[PDB]
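Two forms, one chain: they're shown below as structure tokens, one block per form, named structure 1 and structure 2.
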Structure 1
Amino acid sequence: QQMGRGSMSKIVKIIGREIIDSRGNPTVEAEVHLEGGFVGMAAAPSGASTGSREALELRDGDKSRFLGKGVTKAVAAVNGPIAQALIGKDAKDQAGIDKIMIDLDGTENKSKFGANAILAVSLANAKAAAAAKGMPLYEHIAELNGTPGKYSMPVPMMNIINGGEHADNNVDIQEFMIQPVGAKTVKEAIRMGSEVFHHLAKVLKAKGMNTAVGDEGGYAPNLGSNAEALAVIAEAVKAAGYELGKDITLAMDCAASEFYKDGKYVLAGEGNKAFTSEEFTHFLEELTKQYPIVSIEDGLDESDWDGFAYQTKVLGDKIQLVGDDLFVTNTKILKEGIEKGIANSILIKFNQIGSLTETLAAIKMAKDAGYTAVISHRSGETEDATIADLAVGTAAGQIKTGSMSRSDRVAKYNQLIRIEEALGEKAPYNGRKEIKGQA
């Protein structure tokens, strides 16, 4: 008899604008407004170590604004042709929204509007539609995902020593992470992570090492070797009163595409020590015997599918092996990997692909093949906490969102604390059992 405003879910206005990311570079934000008054807003993150097969981040290249990194062309796409094509379409039909954008762009890699344009609208639409449906974003995402009412709290992997392209130090390995597997709630995980991070500062200070931070909030000391990162972490974990293995495990992201040069893996920080893919796999293996490293991401170059097959055959039964730049959140590429016995896990970045629909497709493909899905930030973030809702609503099981410093990382942890407080035992924290090779 009366039609509620929630039913009035057609898009009436889309506003694109240029905001600033956690490195000080421009990025795209969009707002999507519905007839019933609902609004969602979101922003595109931005990577530094970008895989060569990522959907295109469109920047302006005008050296007179922001050293060429303006995003006015992307924002113009949001405000002009994207908006014109979505006005009057039902925001609750996520897959329908995304399809109109992807089709209008018409390109493989989203190079006409930019993946930055399309993603911001895609995520803002989802938020809008959640609110039109009368629910929080994680609940709407589980509905979009085909898994209604099913949630979990992700096991975070927390990058507390930063290197490679994220920092100005002599460390080649991009990320050294802790995982609070012994925690019973993500709130407890967050606190354990904070404690270890603070004890790590004390460890580093006593050795005369720098405690300023890199792009993801972890320390960026100069170390005598990439392995030494592991020793200092171990030290800190023990100083915080925790058992390495039992309470806390380790993970790494090598981002090895960043140090592959003329067909070899070259550790610049270790006097340009060069390795073939087999030898580099053996280097990684020796680390996994000395420390409880249970996950390794991008252990080899994006293009070295032979090397990945090998690595997966030698390490994959025991260790989670995460493809990041290997897969670029891309069903086309993940499928071929799954067929070739390559990796057993994927890092999910909605901006590697450019829409929430395509991102949920990549999570489905991984889950169906027994691969784990790790929901990830980019090194260039904003105060946006969307990935926390994505992790819970897809019950992905794991999240990669930074050190326990910088609100560009800590805003996602706080969103996790909020979600867990509303859901309680409806969103279990499953611990080490979420990680490939431990269940």
Structure 2
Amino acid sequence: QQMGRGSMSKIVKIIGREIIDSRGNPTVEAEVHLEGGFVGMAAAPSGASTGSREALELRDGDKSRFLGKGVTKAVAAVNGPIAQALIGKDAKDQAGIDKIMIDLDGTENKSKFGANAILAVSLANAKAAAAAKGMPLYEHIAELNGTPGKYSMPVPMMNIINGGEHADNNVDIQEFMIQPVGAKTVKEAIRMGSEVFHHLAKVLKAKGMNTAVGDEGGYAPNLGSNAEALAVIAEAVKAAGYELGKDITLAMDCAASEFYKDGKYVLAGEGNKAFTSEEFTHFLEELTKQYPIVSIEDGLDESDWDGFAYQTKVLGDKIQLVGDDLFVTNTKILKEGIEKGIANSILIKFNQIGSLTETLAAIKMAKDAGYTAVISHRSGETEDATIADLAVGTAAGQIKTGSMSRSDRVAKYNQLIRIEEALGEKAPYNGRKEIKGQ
């Protein structure tokens, strides 16, 4: 007899704009407005060590604005043709909305409008549709995911010591992370992260080392080896009153594609030694023997599938092996990885593929195969906390959203705290059990 406003979920307006990300580079933000007055707003993140098979960002390449990194053309895609194609459509139909943008762009890698333009609209849409349905984003996402009412709070892998490309040290491994698997709630996990992070600063200050931070809020001190990184962390964990290996485990992102040349892995700060696939795998195995490293990400080059089959054979029963640049959140690639015994986990980055619908498809493929899914940030982030709702709504079980500093990271932890406060034990923090091989 009376039609409520929630039923008026047709798109009446889409606005795009150029804003600034956490590294000072432009990004695209979109607003999606519905007939009933609901609005969602979202922005695209941006990677610094991008896989070669990622969907493509659209930048302007004008050297007189933002050193060629403007996104005014992606913004005009949002305001002109994306807007045109979606006005009149039901935001609640996420898949239909995404399919429209994908077909209109027409390219394999979203190179006409940019995966940045398309993703920002895909996420803003989902938020507008959640508002129209009278629910928080995490709840809407679970329904779009095919898993209505099923939540978990994820176990975070928190970056605290950095190496590799553009880190003034002899550390080759791009990220060393702590995971507070002994916490009972995500709120306690976050407190634990914070305590270790502040104790690490004290440790590094006592060694004379630098405590300024990188892109992800963690430290990049002048260390002498990949091993010294694991030791300062061990020292910080103990000063915080926690036990390495039962309260807190360790995870790594090697970003090994960055040090792979002419078929060998070159460890620039490890006497500059060169390694085969098989040898770099054994170098990693030994590290997991000396330290409670339970997860290793991109331990070989994104094209070294023979090498990944062997790493999975050696380490996979015991260690989570996370493909990032390996799978680029792409179902066509993940599929083949699964069929070939390649890795046992996937890092989920929605701007690697460019839409929410295809991101949920990757999570689903992974879970169907017994692979774990770790929801992730990019180096370039914004104040947007969408990956927190996403992690909870897909019950992914793990998240990777930075150190315990910079609001580009901390906003996601804050949102995890608001969501857990609301769900309580309807969103269990499962701890060590989430991690492939425990």
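By convention here, residues take numbers in order along the sequence of structure 1, the first being 1. In this text, the rigid core denotes the largest set of C-alpha atoms whose superposition between the two forms falls within 1.5 Å.
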Out of 190, 167, 342, 77, the residue that alone shifts its CA by 2 Å or more between the two structures when the rigid core is the reference: 167
Taking the rigid core as reference, the Cα of residue 269 travels between the two structures a distance in Å of 2.0
Once the core is aligned, what is the C-alpha displacement of residue 222 between the two structures? Give it in Å to one decimal. 1.1
